[PDB]
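S.K.: Structure: run04.cif, mmCIF, C-alpha atoms.
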```
data_work
loop_
_atom_site.group_PDB
_atom_site.id
_atom_site.type_symbol
_atom_site.label_atom_id
_atom_site.label_comp_id
_atom_site.auth_asym_id
_atom_site.auth_seq_id
_atom_site.Cartn_x
_atom_site.Cartn_y
_atom_site.Cartn_z
ATOM 1 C CA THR A 3 -19.651 -10.890 -11.173
ATOM 2 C CA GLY A 4 -16.617 -12.586 -9.628
ATOM 3 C CA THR A 5 -14.812 -9.217 -9.376
ATOM 4 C CA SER A 6 -14.475 -7.235 -6.138
ATOM 5 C CA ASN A 7 -13.774 -3.497 -5.931
ATOM 6 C CA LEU A 8 -10.083 -4.204 -5.221
ATOM 7 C CA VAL A 9 -7.473 -3.321 -7.831
ATOM 8 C CA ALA A 10 -6.054 -6.373 -9.592
ATOM 9 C CA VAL A 11 -2.372 -6.628 -8.651
ATOM 10 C CA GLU A 12 -0.992 -7.410 -12.116
ATOM 11 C CA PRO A 13 0.965 -5.623 -14.878
ATOM 12 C CA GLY A 14 -1.105 -2.715 -16.177
ATOM 13 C CA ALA A 15 -1.046 0.486 -18.220
ATOM 14 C CA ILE A 16 2.119 2.558 -17.941
ATOM 15 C CA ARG A 17 0.077 5.733 -17.418
ATOM 16 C CA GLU A 18 -3.531 6.529 -16.604
ATOM 17 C CA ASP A 19 -5.477 9.781 -16.793
ATOM 18 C CA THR A 20 -5.148 12.039 -13.742
ATOM 19 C CA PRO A 21 -7.137 15.224 -12.976
ATOM 20 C CA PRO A 22 -5.682 18.236 -14.817
ATOM 21 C CA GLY A 23 -3.791 20.715 -12.658
ATOM 22 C CA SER A 24 -3.920 18.312 -9.684
ATOM 23 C CA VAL A 25 -0.890 17.309 -7.607
ATOM 24 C CA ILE A 26 -0.820 13.838 -9.235
ATOM 25 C CA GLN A 27 0.863 13.731 -12.668
ATOM 26 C CA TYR A 28 2.676 10.894 -14.424
ATOM 27 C CA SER A 29 6.034 11.514 -16.107
ATOM 28 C CA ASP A 30 6.523 12.113 -19.830
ATOM 29 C CA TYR A 31 8.541 9.304 -21.325
ATOM 30 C CA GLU A 32 8.331 6.341 -23.641
ATOM 31 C CA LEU A 33 9.208 2.691 -23.127
ATOM 32 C CA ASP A 34 11.966 1.146 -25.265
ATOM 33 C CA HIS A 35 10.123 -2.007 -26.284
ATOM 34 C CA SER A 36 13.094 -3.715 -27.971
ATOM 35 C CA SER A 37 14.107 -4.649 -24.414
ATOM 36 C CA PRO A 38 11.970 -7.513 -23.072
ATOM 37 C CA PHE A 39 12.248 -5.971 -19.582
ATOM 38 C CA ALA A 40 10.449 -2.793 -20.698
ATOM 39 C CA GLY A 41 7.273 -2.279 -18.691
ATOM 40 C CA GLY A 42 7.850 -4.798 -15.901
ATOM 41 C CA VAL A 43 10.609 -6.847 -14.263
ATOM 42 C CA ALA A 44 10.448 -9.711 -11.792
ATOM 43 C CA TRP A 45 13.303 -11.311 -9.836
ATOM 44 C CA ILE A 46 12.517 -14.967 -9.052
ATOM 45 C CA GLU A 47 14.982 -17.574 -7.788
ATOM 46 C CA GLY A 48 17.973 -15.303 -8.420
ATOM 47 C CA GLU A 49 17.071 -14.491 -12.039
ATOM 48 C CA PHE A 50 15.762 -11.203 -13.399
ATOM 49 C CA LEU A 51 12.816 -11.839 -15.694
ATOM 50 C CA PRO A 52 10.185 -10.022 -17.739
ATOM 51 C CA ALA A 53 7.130 -9.595 -15.545
ATOM 52 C CA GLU A 54 4.664 -11.415 -17.828
ATOM 53 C CA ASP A 55 6.788 -14.578 -17.462
ATOM 54 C CA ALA A 56 7.088 -14.370 -13.666
ATOM 55 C CA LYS A 57 6.060 -17.704 -12.128
ATOM 56 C CA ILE A 58 6.565 -19.468 -8.781
ATOM 57 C CA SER A 59 6.350 -23.118 -7.810
ATOM 58 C CA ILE A 60 2.791 -24.128 -6.894
ATOM 59 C CA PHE A 61 4.403 -25.975 -3.986
ATOM 60 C CA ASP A 62 5.755 -22.844 -2.313
ATOM 61 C CA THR A 63 4.319 -22.831 1.208
ATOM 62 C CA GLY A 64 3.857 -19.107 0.593
ATOM 63 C CA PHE A 65 0.964 -20.255 -1.609
ATOM 64 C CA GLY A 66 -0.528 -23.275 0.163
ATOM 65 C CA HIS A 67 -0.246 -21.792 3.663
ATOM 66 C CA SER A 68 0.151 -18.107 2.700
ATOM 67 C CA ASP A 69 3.210 -18.447 4.936
ATOM 68 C CA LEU A 70 4.892 -15.186 3.955
ATOM 69 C CA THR A 71 5.222 -11.467 4.451
ATOM 70 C CA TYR A 72 5.807 -8.708 1.916
ATOM 71 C CA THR A 73 6.078 -4.997 1.387
ATOM 72 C CA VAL A 74 5.226 -2.609 -1.435
ATOM 73 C CA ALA A 75 7.202 0.539 -2.247
ATOM 74 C CA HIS A 76 6.138 2.995 -4.922
ATOM 75 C CA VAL A 77 8.289 4.734 -7.546
ATOM 76 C CA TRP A 78 7.139 8.193 -8.642
ATOM 77 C CA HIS A 79 8.843 10.454 -11.200
ATOM 78 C CA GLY A 80 11.655 7.935 -11.181
ATOM 79 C CA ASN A 81 12.196 8.181 -7.386
ATOM 80 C CA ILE A 82 11.689 5.268 -4.969
ATOM 81 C CA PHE A 83 10.078 6.367 -1.698
ATOM 82 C CA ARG A 84 11.367 5.324 1.761
ATOM 83 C CA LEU A 85 12.871 2.067 0.520
ATOM 84 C CA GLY A 86 14.965 1.734 3.671
ATOM 85 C CA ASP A 87 11.898 1.866 5.926
ATOM 86 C CA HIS A 88 10.176 -0.723 3.732
ATOM 87 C CA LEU A 89 13.161 -3.046 3.918
ATOM 88 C CA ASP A 90 13.356 -2.618 7.703
ATOM 89 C CA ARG A 91 9.656 -3.492 8.033
ATOM 90 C CA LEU A 92 9.888 -6.458 5.660
ATOM 91 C CA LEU A 93 12.884 -7.936 7.498
ATOM 92 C CA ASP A 94 11.392 -7.275 10.918
ATOM 93 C CA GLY A 95 8.177 -9.048 9.945
ATOM 94 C CA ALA A 96 10.142 -11.912 8.392
ATOM 95 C CA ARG A 97 12.065 -12.287 11.651
ATOM 96 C CA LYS A 98 8.812 -12.493 13.591
ATOM 97 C CA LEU A 99 7.716 -15.254 11.175
ATOM 98 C CA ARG A 100 11.028 -17.151 11.601
ATOM 99 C CA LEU A 101 11.706 -16.500 7.898
ATOM 100 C CA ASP A 102 15.274 -15.933 6.700
ATOM 101 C CA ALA A 103 15.489 -13.931 3.483
ATOM 102 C CA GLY A 104 19.062 -15.087 2.884
ATOM 103 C CA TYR A 105 19.926 -11.564 1.675
ATOM 104 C CA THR A 106 20.960 -8.479 3.573
ATOM 105 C CA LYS A 107 18.973 -5.255 3.499
ATOM 106 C CA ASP A 108 21.574 -3.640 1.228
ATOM 107 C CA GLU A 109 21.498 -6.585 -1.188
ATOM 108 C CA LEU A 110 17.686 -6.430 -1.366
ATOM 109 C CA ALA A 111 17.869 -2.682 -2.003
ATOM 110 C CA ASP A 112 20.305 -3.173 -4.889
ATOM 111 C CA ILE A 113 18.202 -5.921 -6.452
ATOM 112 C CA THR A 114 15.005 -3.883 -5.995
ATOM 113 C CA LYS A 115 16.432 -0.742 -7.569
ATOM 114 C CA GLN A 116 17.818 -2.909 -10.394
ATOM 115 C CA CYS A 117 14.340 -4.309 -11.098
ATOM 116 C CA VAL A 118 12.988 -0.768 -11.369
ATOM 117 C CA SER A 119 15.841 0.464 -13.564
ATOM 118 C CA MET A 120 15.528 -2.468 -15.977
ATOM 119 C CA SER A 121 11.743 -2.040 -16.181
ATOM 120 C CA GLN A 122 12.248 1.601 -17.327
ATOM 121 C CA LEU A 123 9.177 2.602 -15.291
ATOM 122 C CA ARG A 124 9.193 6.121 -13.850
ATOM 123 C CA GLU A 125 5.988 5.311 -11.928
ATOM 124 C CA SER A 126 6.040 1.794 -10.478
ATOM 125 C CA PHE A 127 4.423 -0.553 -7.949
ATOM 126 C CA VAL A 128 7.305 -2.517 -6.374
ATOM 127 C CA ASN A 129 6.730 -5.687 -4.335
ATOM 128 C CA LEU A 130 9.185 -7.637 -2.182
ATOM 129 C CA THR A 131 7.766 -10.957 -0.915
ATOM 130 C CA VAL A 132 9.542 -13.385 1.441
ATOM 131 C CA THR A 133 7.980 -16.862 1.639
ATOM 132 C CA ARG A 134 8.573 -20.093 3.570
ATOM 133 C CA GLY A 135 9.536 -21.642 0.243
ATOM 134 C CA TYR A 136 9.850 -25.319 -0.622
ATOM 135 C CA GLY A 137 12.307 -28.220 -0.538
ATOM 136 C CA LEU A 148 13.355 -26.305 3.184
ATOM 137 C CA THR A 149 14.599 -23.113 1.497
ATOM 138 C CA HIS A 150 12.824 -19.790 2.066
ATOM 139 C CA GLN A 151 12.158 -17.769 -1.087
ATOM 140 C CA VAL A 152 12.439 -14.068 -1.934
ATOM 141 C CA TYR A 153 10.474 -12.718 -4.921
ATOM 142 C CA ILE A 154 10.647 -9.107 -6.155
ATOM 143 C CA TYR A 155 8.819 -7.392 -8.992
ATOM 144 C CA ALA A 156 8.364 -3.887 -10.360
ATOM 145 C CA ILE A 157 5.297 -3.368 -12.551
ATOM 146 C CA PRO A 158 3.378 -0.257 -13.742
ATOM 147 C CA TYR A 159 1.811 1.934 -11.067
ATOM 148 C CA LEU A 160 -1.310 0.577 -9.365
ATOM 149 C CA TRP A 161 -4.009 2.652 -7.660
ATOM 150 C CA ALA A 162 -5.865 1.365 -4.592
ATOM 151 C CA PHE A 163 -8.351 4.125 -5.477
ATOM 152 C CA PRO A 164 -8.471 5.724 -8.928
ATOM 153 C CA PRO A 165 -6.625 9.047 -9.341
ATOM 154 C CA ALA A 166 -9.982 10.832 -9.636
ATOM 155 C CA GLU A 167 -10.938 9.638 -6.159
ATOM 156 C CA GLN A 168 -7.543 10.675 -4.788
ATOM 157 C CA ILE A 169 -8.453 14.217 -5.794
ATOM 158 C CA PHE A 170 -12.254 14.311 -5.312
ATOM 159 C CA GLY A 171 -12.778 11.640 -2.631
ATOM 160 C CA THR A 172 -14.194 8.119 -2.395
ATOM 161 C CA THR A 173 -17.051 6.384 -0.545
ATOM 162 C CA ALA A 174 -16.980 3.807 2.275
ATOM 163 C CA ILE A 175 -19.193 1.521 4.363
ATOM 164 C CA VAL A 176 -18.662 -0.307 7.653
ATOM 165 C CA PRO A 177 -19.383 -4.023 6.998
ATOM 166 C CA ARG A 178 -22.450 -5.475 8.649
ATOM 167 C CA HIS A 179 -21.079 -8.996 8.342
ATOM 168 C CA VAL A 180 -17.236 -8.829 8.509
ATOM 169 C CA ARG A 181 -14.616 -7.724 11.037
ATOM 170 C CA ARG A 182 -10.841 -7.477 10.699
ATOM 171 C CA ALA A 183 -8.827 -10.488 11.805
ATOM 172 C CA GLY A 184 -7.241 -9.820 15.180
ATOM 173 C CA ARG A 185 -3.554 -9.752 16.051
ATOM 174 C CA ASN A 186 -3.936 -13.137 17.782
ATOM 175 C CA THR A 187 -5.332 -14.885 14.676
ATOM 176 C CA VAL A 188 -4.062 -13.811 11.226
ATOM 177 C CA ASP A 189 -1.920 -10.954 12.519
ATOM 178 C CA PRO A 190 -2.538 -7.706 10.572
ATOM 179 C CA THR A 191 0.535 -6.040 12.087
ATOM 180 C CA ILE A 192 2.581 -8.173 9.656
ATOM 181 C CA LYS A 193 1.839 -7.372 6.017
ATOM 182 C CA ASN A 194 0.343 -10.546 4.567
ATOM 183 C CA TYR A 195 -1.506 -11.996 1.556
ATOM 184 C CA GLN A 196 -4.309 -13.415 3.724
ATOM 185 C CA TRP A 197 -7.152 -11.152 2.566
ATOM 186 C CA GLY A 198 -10.137 -13.378 3.417
ATOM 187 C CA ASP A 199 -11.793 -10.728 5.574
ATOM 188 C CA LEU A 200 -10.598 -7.850 3.376
ATOM 189 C CA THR A 201 -12.005 -9.431 0.210
ATOM 190 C CA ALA A 202 -15.297 -10.214 1.958
ATOM 191 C CA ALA A 203 -15.532 -6.566 3.076
ATOM 192 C CA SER A 204 -14.793 -5.273 -0.436
ATOM 193 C CA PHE A 205 -17.616 -7.420 -1.848
ATOM 194 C CA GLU A 206 -19.961 -6.087 0.816
ATOM 195 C CA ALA A 207 -18.955 -2.543 -0.149
ATOM 196 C CA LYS A 208 -19.678 -3.236 -3.818
ATOM 197 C CA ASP A 209 -22.987 -4.911 -2.933
ATOM 198 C CA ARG A 210 -23.912 -1.713 -1.082
ATOM 199 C CA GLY A 211 -22.790 0.705 -3.807
ATOM 200 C CA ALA A 212 -19.689 1.963 -1.987
ATOM 201 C CA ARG A 213 -16.126 1.904 -3.215
ATOM 202 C CA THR A 214 -14.506 0.503 -0.052
ATOM 203 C CA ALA A 215 -14.924 -0.693 3.544
ATOM 204 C CA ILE A 216 -13.611 0.378 6.952
ATOM 205 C CA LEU A 217 -13.381 -2.714 9.198
ATOM 206 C CA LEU A 218 -13.756 -2.769 12.986
ATOM 207 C CA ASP A 219 -11.890 -5.184 15.243
ATOM 208 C CA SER A 220 -13.568 -7.442 17.782
ATOM 209 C CA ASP A 221 -13.883 -4.645 20.373
ATOM 210 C CA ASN A 222 -15.610 -2.315 17.835
ATOM 211 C CA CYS A 223 -12.440 -0.184 17.523
ATOM 212 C CA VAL A 224 -11.399 0.869 14.024
ATOM 213 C CA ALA A 225 -8.999 -1.584 12.407
ATOM 214 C CA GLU A 226 -8.092 -0.705 8.788
ATOM 215 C CA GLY A 227 -9.386 -1.134 5.269
ATOM 216 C CA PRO A 228 -8.629 -3.594 2.470
ATOM 217 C CA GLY A 229 -5.072 -2.508 1.678
ATOM 218 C CA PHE A 230 -4.926 0.779 3.587
ATOM 219 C CA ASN A 231 -4.768 2.388 6.999
ATOM 220 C CA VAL A 232 -7.490 4.804 8.117
ATOM 221 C CA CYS A 233 -6.796 8.225 9.625
ATOM 222 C CA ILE A 234 -9.514 10.100 11.536
ATOM 223 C CA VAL A 235 -9.700 13.899 11.990
ATOM 224 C CA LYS A 236 -11.696 15.359 14.879
ATOM 225 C CA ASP A 237 -11.455 18.920 16.231
ATOM 226 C CA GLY A 238 -8.210 19.629 14.408
ATOM 227 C CA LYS A 239 -6.474 16.485 15.695
ATOM 228 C CA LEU A 240 -5.390 13.402 13.746
ATOM 229 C CA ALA A 241 -5.670 9.827 15.032
ATOM 230 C CA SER A 242 -5.079 6.360 13.546
ATOM 231 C CA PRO A 243 -5.608 2.863 15.034
ATOM 232 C CA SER A 244 -2.695 1.448 16.995
ATOM 233 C CA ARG A 245 -3.660 -2.234 17.404
ATOM 234 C CA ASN A 246 -5.280 -4.222 14.560
ATOM 235 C CA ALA A 247 -3.719 -2.362 11.639
ATOM 236 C CA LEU A 248 -0.541 -2.516 9.596
ATOM 237 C CA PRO A 249 2.071 -0.001 10.797
ATOM 238 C CA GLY A 250 1.953 1.691 7.443
ATOM 239 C CA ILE A 251 4.709 3.734 5.876
ATOM 240 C CA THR A 252 2.205 6.138 4.297
ATOM 241 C CA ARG A 253 0.662 6.569 7.759
ATOM 242 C CA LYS A 254 4.141 7.229 9.151
ATOM 243 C CA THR A 255 4.657 9.838 6.425
ATOM 244 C CA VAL A 256 1.247 11.400 7.112
ATOM 245 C CA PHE A 257 2.161 11.640 10.804
ATOM 246 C CA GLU A 258 5.451 13.348 9.942
ATOM 247 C CA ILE A 259 3.597 15.794 7.694
ATOM 248 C CA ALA A 260 1.051 16.478 10.429
ATOM 249 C CA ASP A 261 3.766 17.122 13.021
ATOM 250 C CA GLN A 262 5.448 19.644 10.714
ATOM 251 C CA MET A 263 2.131 21.429 10.191
ATOM 252 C CA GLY A 264 1.727 21.704 13.972
ATOM 253 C CA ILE A 265 -1.097 19.124 14.065
ATOM 254 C CA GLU A 266 -1.251 16.675 16.969
ATOM 255 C CA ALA A 267 -1.312 13.102 15.585
ATOM 256 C CA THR A 268 -1.723 10.048 17.807
ATOM 257 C CA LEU A 269 -1.678 6.290 17.315
ATOM 258 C CA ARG A 270 -4.424 5.047 19.633
ATOM 259 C CA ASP A 271 -7.628 3.083 19.795
ATOM 260 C CA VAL A 272 -10.334 4.837 17.787
ATOM 261 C CA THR A 273 -13.787 3.672 18.738
ATOM 262 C CA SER A 274 -16.710 3.085 16.422
ATOM 263 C CA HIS A 275 -18.333 6.164 18.005
ATOM 264 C CA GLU A 276 -15.367 8.258 16.929
ATOM 265 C CA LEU A 277 -15.376 6.836 13.409
ATOM 266 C CA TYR A 278 -19.001 7.817 12.841
ATOM 267 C CA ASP A 279 -18.457 11.250 14.460
ATOM 268 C CA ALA A 280 -15.360 12.155 12.390
ATOM 269 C CA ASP A 281 -14.752 15.604 10.929
ATOM 270 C CA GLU A 282 -12.695 13.935 8.177
ATOM 271 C CA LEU A 283 -11.711 10.390 7.162
ATOM 272 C CA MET A 284 -8.906 9.338 4.857
ATOM 273 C CA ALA A 285 -7.344 6.133 3.527
ATOM 274 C CA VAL A 286 -3.545 5.977 3.334
ATOM 275 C CA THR A 287 -1.432 3.401 1.561
ATOM 276 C CA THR A 288 1.607 3.199 -0.692
ATOM 277 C CA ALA A 289 -0.348 2.446 -3.876
ATOM 278 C CA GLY A 290 -1.916 5.856 -4.433
ATOM 279 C CA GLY A 291 -1.159 7.900 -1.299
ATOM 280 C CA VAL A 292 -3.830 9.804 0.661
ATOM 281 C CA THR A 293 -7.464 9.305 -0.384
ATOM 282 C CA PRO A 294 -10.306 11.462 0.977
ATOM 283 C CA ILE A 295 -13.374 9.533 2.151
ATOM 284 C CA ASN A 296 -16.425 11.693 1.431
ATOM 285 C CA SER A 297 -19.116 9.541 3.023
ATOM 286 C CA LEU A 298 -19.562 6.658 5.447
ATOM 287 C CA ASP A 299 -22.555 4.312 5.259
ATOM 288 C CA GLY A 300 -24.098 6.729 2.770
ATOM 289 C CA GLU A 301 -22.946 9.897 4.514
ATOM 290 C CA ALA A 302 -20.891 12.910 3.472
ATOM 291 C CA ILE A 303 -18.436 13.174 6.364
ATOM 292 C CA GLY A 304 -18.523 16.930 6.838
ATOM 293 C CA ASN A 305 -19.943 18.452 3.636
ATOM 294 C CA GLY A 306 -19.321 15.240 1.714
ATOM 295 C CA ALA A 307 -16.197 16.507 -0.100
ATOM 296 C CA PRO A 308 -12.489 16.240 0.789
ATOM 297 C CA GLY A 309 -11.746 17.810 4.161
ATOM 298 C CA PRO A 310 -9.246 20.640 4.646
ATOM 299 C CA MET A 311 -6.667 18.673 6.652
ATOM 300 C CA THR A 312 -6.841 15.740 4.218
ATOM 301 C CA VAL A 313 -6.213 18.065 1.262
ATOM 302 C CA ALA A 314 -3.260 19.750 2.975
ATOM 303 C CA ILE A 315 -1.650 16.428 3.908
ATOM 304 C CA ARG A 316 -2.294 14.766 0.520
ATOM 305 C CA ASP A 317 -0.885 17.662 -1.514
ATOM 306 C CA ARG A 318 2.157 17.801 0.754
ATOM 307 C CA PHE A 319 2.627 14.042 0.383
ATOM 308 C CA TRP A 320 2.911 14.289 -3.397
ATOM 309 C CA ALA A 321 5.341 17.224 -3.168
ATOM 310 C CA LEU A 322 7.733 15.002 -1.181
ATOM 311 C CA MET A 323 8.085 12.793 -4.264
ATOM 312 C CA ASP A 324 10.091 15.524 -6.071
ATOM 313 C CA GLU A 325 12.047 17.110 -3.185
ATOM 314 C CA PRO A 326 15.622 15.832 -2.773
ATOM 315 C CA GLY A 327 16.061 14.524 0.740
ATOM 316 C CA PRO A 328 16.305 11.388 2.880
ATOM 317 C CA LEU A 329 12.861 9.994 1.906
ATOM 318 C CA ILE A 330 13.514 9.516 -1.876
ATOM 319 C CA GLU A 331 16.328 7.919 -3.964
ATOM 320 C CA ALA A 332 16.493 8.375 -7.781
ATOM 321 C CA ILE A 333 16.546 5.122 -9.816
ATOM 322 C CA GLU A 334 19.695 5.030 -12.063
ATOM 323 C CA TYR A 335 17.885 4.064 -15.368
#
```
Rewrite the structure from the file as structure tokens, please.

M.R.:
Amino acid sequence: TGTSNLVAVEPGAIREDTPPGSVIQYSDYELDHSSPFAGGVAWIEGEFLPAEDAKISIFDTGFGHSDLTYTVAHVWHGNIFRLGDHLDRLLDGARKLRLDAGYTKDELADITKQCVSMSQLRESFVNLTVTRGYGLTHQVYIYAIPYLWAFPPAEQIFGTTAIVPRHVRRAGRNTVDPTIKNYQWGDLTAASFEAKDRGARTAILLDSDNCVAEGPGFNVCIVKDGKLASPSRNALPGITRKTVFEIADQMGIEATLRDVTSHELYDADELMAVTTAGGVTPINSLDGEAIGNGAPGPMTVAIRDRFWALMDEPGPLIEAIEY
């Protein structure tokens, strides 16, 4: 086939069908296609560009050594979500990689919001990448393209399916460090192919001690006896996870970042995937199981629906794009 179960990260449809009456609904608008920026904008080497033309030097060490970090923010109903936290994480990871963006956090925010505004997209997948660059000048690339779904909207509402790979584990923090968001998906791609080979949508990877790590492009949250847990070690410190933990705390639910063993993963009351590109996804079954009754669990539903409500509530988590 040559195609995994992972969403292709490329410019796509401006809207996609979502379940009627569900908490996920795209905005009603039209693109002004006389503007070449309509539908997708990239900012490469200091120049704003139409997304379809966005190109980088093949000699960027961000390619040949994947020597880079990045972050992804989402725009929903014209509002960008937690951009400041994303910029903090991006710059903190770049510092750990000895990468110097050359721009301040405020400058990157302005450029990012400008990419979104120019694209006209009310729902957008927004990437900031900082690479080691080439002759030695580190490079910053930003783009805003139509919204991308790690799991289709239908699975956000009605749940998805997962396996634990028989043949793959997540790279550990002492090898290709997953606590810094990176393009090095060798293990994640391998796990996605194993999932597709086995008829599942996605994979939950373990680390070398058989503790839960994360999935291809998402953190995993585990519900047991009314408590919420999520791996602390070999997993990205996700912003969706952070939001889910804030939501849980407000609902009076105890949420803990800790080691979650493989025993606990298989014994879960509920499982969910959380990531910027699509939010909170119920996981109905594991290794051919229906965790619980095989449909989205009550805590997952409460947290997911609350998560999407935050996208429209004025407050510190969202900033409107000027457009």

S.K.: What's around residue 40 of chain A at 7 Å? Count all atoms listed in the file, leave out sequence neighbours fewer than 5 positions away in its own chain, and write the answer as a PyMOL selection string.

M.R.: chain A and resi 33-35+120-122

S.K.: Go ahead and fit an axis-aligned box to every listed atom of segment 119-124 of chain A plus 8 Å each side, and pass me the centre and edge lengths in Å, one decimal, as AutoDock Vina command-line options.

M.R.:
```
--center_x 12.5 --center_y 1.8 --center_z -15.4 --size_x 22.7 --size_y 24.6 --size_z 19.8
```

S.K.: Counting only C-alpha atoms, which residues of segment 188-294 of chain A sit at most 12 Å from some atom of segment 306-325 of chain A, and what is each one's closest atom pair with its distance in Å to one decimal, listed by chain and rising residue number, as a tab-separated table?

M.R.:
```
residue	atom	partner	partner_atom	distance
A:232	CA	A:312	CA	11.6
A:233	CA	A:312	CA	9.3
A:234	CA	A:312	CA	9.6
A:235	CA	A:311	CA	7.8
A:236	CA	A:311	CA	10.2
A:237	CA	A:311	CA	10.7
A:238	CA	A:311	CA	8.0
A:239	CA	A:311	CA	9.3
A:240	CA	A:311	CA	8.9
A:251	CA	A:319	CA	11.9
A:252	CA	A:319	CA	8.8
A:253	CA	A:319	CA	10.7
A:254	CA	A:319	CA	11.2
A:255	CA	A:319	CA	7.6
A:256	CA	A:315	CA	6.6
A:257	CA	A:315	CA	9.2
A:258	CA	A:315	CA	9.8
A:259	CA	A:315	CA	6.5
A:260	CA	A:315	CA	7.1
A:261	CA	A:315	CA	10.6
A:262	CA	A:315	CA	10.3
A:263	CA	A:315	CA	8.9
A:264	CA	A:311	CA	11.5
A:265	CA	A:311	CA	9.3
A:266	CA	A:311	CA	11.8
A:267	CA	A:311	CA	11.8
A:280	CA	A:309	CA	10.6
A:281	CA	A:309	CA	7.7
A:282	CA	A:309	CA	5.7
A:283	CA	A:312	CA	7.8
A:284	CA	A:312	CA	6.8
A:285	CA	A:312	CA	9.6
A:286	CA	A:316	CA	9.3
A:287	CA	A:316	CA	11.4
A:288	CA	A:319	CA	10.9
A:290	CA	A:320	CA	9.8
A:291	CA	A:316	CA	7.2
A:292	CA	A:316	CA	5.2
A:293	CA	A:316	CA	7.6
A:294	CA	A:308	CA	5.3
```

S.K.: Can you translate the PyMOL selection byres ((chain A and resi 107-117) around 7) into the concrete residues it hits in this file, as a list in words?

M.R.: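 The output of the PyMOL selection byres ((chain A and resi 107-117) around 7) on this file is residues 43, 44, 89, 105, 106, 118, 119, 120, 121, 154, 155, 156 and 333 of chain A.
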
S.K.: Starting from the shown file, work through the PyMOL selection byres ((chain A and resi 80) around 6) and note down what comes out as a list in words.

M.R.: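 Residues picked by the PyMOL selection byres ((chain A and resi 80) around 6): residues 77, 78, 79, 81, 124, 332 and 333 of chain A.
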
S.K.: Which value, in Å to one decimal, gives the distance between atom CA of residue 7 of chain A and atom CA of residue 153 of chain A?

M.R.: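 Atom-to-atom, atom CA of residue 7 of chain A and atom CA of residue 153 of chain A are spaced 26.0 Å apart.
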
S.K.: In Å, how far is it from atom CA of residue 327 of chain A to atom CA of residue 31 of chain A?

M.R.: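 It comes out at 23.9 Å.
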
S.K.: Name the residues captured by the PyMOL selection byres ((chain A and resi 63-65) around 8) when it is applied to the shown file; answer as a PyMOL selection string.

M.R.: chain A and resi 60-62+66-70+133-136

S.K.: Could you pull the residues within 6 Å of segment 209-222 of chain A, counting all atoms listed in the file, minus those fewer than 5 positions along the same chain, as a PyMOL selection string?

M.R.: chain A and resi 173-176+181-182+203-204+227+274

S.K.: As an exercise, work out the distance from atom CA of residue 248 of chain A to atom CA of residue 231 of chain A in Å and give it to one decimal place.

M.R.: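 If I compute the distance from atom CA of residue 248 of chain A to atom CA of residue 231 of chain A, I get 7.0 Å.
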
S.K.: Which residue is closest to residue 26 of chain A? Choose from A:130, A:298, A:148, A:169 and count all atoms listed in the file.

M.R.: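 Once distances to residue 26 of chain A are computed over all atoms listed in the file, the minimum belongs to A:169.
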
S.K.: Calculated over only C-alpha atoms, which of the candidates A:54, A:90, A:226, A:125 has the smallest distance to residue 30 of chain A?

M.R.: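 That would be A:125, the residue with the smallest distance to residue 30 of chain A.
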
S.K.: Return the single residue from A:74, A:277, A:302, A:103 that is closest to residue 11 of chain A, with distances computed using only C-alpha atoms.

M.R.: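 Closest to residue 11 of chain A of all the choices is A:74.
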
S.K.: Contacts of residue 160 of chain A at 8 Å or less, counting only C-alpha atoms, minus same-chain residues fewer than 3 places along, as number ranges by chain?

M.R.: A: 9, 11, 14, 126-127, 289-290

S.K.: Nearest to residue 304 of chain A: which of A:163, A:279, A:55, A:23 is it, counting only C-alpha atoms?

M.R.: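 Checking each of A:163, A:279, A:55, A:23 against residue 304 of chain A, counting only C-alpha atoms, the winner is A:279.
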
S.K.: Pick the closest to residue 165 of chain A from A:300, A:95, A:21, A:13: which is it, counting only C-alpha atoms?

M.R.: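 Going through A:300, A:95, A:21, A:13 one by one, the smallest distance to residue 165 of chain A is for A:21.
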